[PDB]
Amino acid sequence: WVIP
Amino acid sequence: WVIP
Amino acid sequence: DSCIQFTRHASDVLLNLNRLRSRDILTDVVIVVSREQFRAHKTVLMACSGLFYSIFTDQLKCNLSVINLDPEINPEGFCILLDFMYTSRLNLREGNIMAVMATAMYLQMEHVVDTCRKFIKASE
Amino acid sequence: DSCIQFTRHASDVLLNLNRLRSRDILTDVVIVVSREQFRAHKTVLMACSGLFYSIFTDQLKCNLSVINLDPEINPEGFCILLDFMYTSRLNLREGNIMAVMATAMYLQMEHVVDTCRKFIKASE
Ligand SMILES: O=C1Cc2cc(Nc3nc(Cl)ncc3Br)ccc2N1
Ligand SMILES: O=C1Cc2cc(Nc3nc(Cl)ncc3Br)ccc2N1
Ligand SMILES: [Cl-]
Ligand SMILES: [Cl-]
């Protein structure tokens with residue numbers, strides 16, 4: 001999971 | 001396009 | 001093999017599937033969550049959820065145009081997860097995390113359940 | 001928004017759509033290319049091809065279970081492109097590049113046409  |  | 005790969009292909013496919021959903025094109029099922037209705041593509045639901053995979057591979061249920069979820073399922077939690085299925089983006093907030101995790105457990109969406117458990121563990 | 005994103009989601013969705021294709025699950029159309037037949041999901045074809053997008057948004061053609069391609073279309077070129085649609089991998093070879101490019105132009109698959117033109121320009 002990432003900060004888009 | 002890349003070499004997978 | 002000696003194949004080449006187009007890096008953005010999977011993302012572009014999902015973006016187009018979401019455009020079809022937004023215009024209600026070739027949607028083939030309604031998911032009923034209490035008083036709310038959500039139109040979707042059976043194939044996309046199956047590709048994202050262990051529960052929908054089991055439902056639409058069933059010889060009788062594969063032909064249903066309406067699926068009613070368990071009444072304990074929260075429509076907002078379902079909406080957030082349906083958006084995630086079609087975009088890879090999860091709108092996870094302090095106010096919705098419990099409903100989102102409960103819905104992801106029911107829908108059998110393992111990666112969503114995992115990030116929810118981690119975000120909850122960080123706030124305790 | 002304040003969304004988080006699961007990097008591998010789009011790839012995992014496409015992998016699952018390809019597993020459904022391999023087991024012939026919820027395929028809803030046959031594409032006829034001369035003596036050959038290819039089963040597929042209309043939504044995936046639309047998401048990858050400008051031609052299939054135009055065909056299945058047509059109020060009459062959207063309901064057809066069989067689509068016949070132009071007889072000049074090569075079945076192997078179509079097979080290679082159908083595999084690309086469901087995997088992001090293109091089996092481009094000296095022996096098939098001309099058929100693949102001609103099929104991608106007909107199907108309106110711009111990124112495939114672009115790499116074919118570049119590979120052809122390199123060999124001249
Ligand atoms: O957390 C998750 C997400 C998910 C998706 C599917 N979907 C499919 N699985 C397989 Cl093996 N083949 C085709 C399809 Br469609 C099955 C289980 C799960 N559990
Ligand atoms: O080279 C390409 C690939 C492709 C795909 C689509 N598909 C869609 N396009 C739009 Cl805008 N909305 C929904 C869908 Br499905 C249209 C044109 C093209 N040209
Ligand atoms: Cl997931
Ligand atoms: Cl393309």
Side-chain angles (χ1 to χ4, degrees), chain C residues 1-21 23 25-29 40-50 52-53 56-58 62-63 80 83-94 97 100 109 111-112 114-116 118-119, chain D residues 1-21 23 25-29 40-50 52-53 56-58 62-63 80 83-94 97 100 109 111-112 114-116 118-119:
Chain C
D1 218 296
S2 59
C3 288
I4 58 175
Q5 168 155 355
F6 190 69
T7 305
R8 297 291 294 161
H9 181 72
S11 182
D12 289 354
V13 165
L14 195 66
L15 183 67
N16 282 336
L17 292 174
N18 196 33
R19 286 170 172 158
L20 293 184
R21 184 176 61 124
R23 304 168 62 210
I25 296 165
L26 289 191
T27 54
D28 54 2
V29 72
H41 300 95
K42 285 176 185 172
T43 56
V44 173
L45 299 180
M46 296 165 81
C48 298
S49 157
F52 290 122
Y53 174 67
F56 303 117
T57 54
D58 175 85
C62 68
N63 295 136
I80 287 159
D83 284 345
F84 170 72
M85 293 185 194
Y86 279 86
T87 67
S88 312
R89 300 160 60 91
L90 187 70
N91 180 27
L92 198 59
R93 302 177 64 85
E94 185 184 44
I97 188 149
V100 171
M109 292 175 77
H111 300 297
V112 176
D114 183 61
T115 193
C116 285
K118 289 179 186 213
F119 276 48
Chain D
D1 218 296
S2 59
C3 288
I4 58 175
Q5 168 155 355
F6 190 69
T7 305
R8 297 291 294 161
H9 181 72
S11 182
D12 289 354
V13 165
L14 195 66
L15 183 67
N16 282 336
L17 292 174
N18 196 33
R19 286 170 172 158
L20 293 184
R21 184 176 61 124
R23 304 168 62 210
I25 296 165
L26 289 191
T27 54
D28 54 2
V29 72
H41 300 95
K42 285 176 185 172
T43 56
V44 173
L45 299 180
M46 296 165 81
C48 298
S49 157
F52 290 122
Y53 174 67
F56 303 117
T57 54
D58 175 85
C62 68
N63 295 136
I80 287 159
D83 284 345
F84 170 72
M85 293 185 194
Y86 279 86
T87 67
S88 312
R89 300 160 60 91
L90 187 70
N91 180 27
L92 198 59
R93 302 176 64 85
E94 185 184 44
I97 188 149
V100 171
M109 292 175 77
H111 300 297
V112 176
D114 183 61
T115 193
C116 285
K118 289 179 186 213
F119 276 48

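A note on names: the letters A, B, ... follow the listed sequences, proteins ahead of strands, and every chain is numbered from 1. Note that these values count all heavy atoms, side chains included, but never hydrogens, waters or copies made by symmetry.
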Query raised in the report: Would C/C48 and D/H9 count as a side chain to side chain contact (heavy atoms under 4.5 Å, CB included) if you check the C-alpha gap in whole Å, the side-chain angles of each, and the deciding distance to 0.1 Å?
Result: CA-CA 8 Å; C/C48 298; D/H9 181 72; 3.6 Å; yes

Cut-off 4.5 Å, heavy atoms of chain C, and the answer for D/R93 is side chain

Applying a strict 4.5 Å limit to non-hydrogen atoms, the region of C/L90 in contact with chain D is both

Value for CD (C/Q5) from OG1 (D/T87), rounded to nearest 0.5 Å, stands at 7.5 Å

Q) Do the ring planes of C/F6 and D/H111 sit parallel (below 30°), tilted (30 to 60°) or perpendicular (above 60°)? A) parallel

Greatest number of non-hydrogen atom pairs under 4.5 angstrom with chain D, of C/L26, C/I25, C/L92, falls to C/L26

One option among C/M85, C/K42, C/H41 has the most heavy-atom pairs under 4.5 Å with chain D, and it is C/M85

Bottom line for C/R23: the part with an atom under 4.5 Å from chain D's heavy atoms is side chain

Comparing C/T43, C/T7, C/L14, C/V44 against chain D, the one with the most heavy-atom pairs below 4.5 Å turns out to be C/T43

Most heavy-atom pairs under 4.5 Å with chain D, out of C/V13, C/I4, C/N16, belong to C/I4

All heavy atoms of C/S88 vs all of D/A10, minimum pair found to be OG-N, 3.7 Å

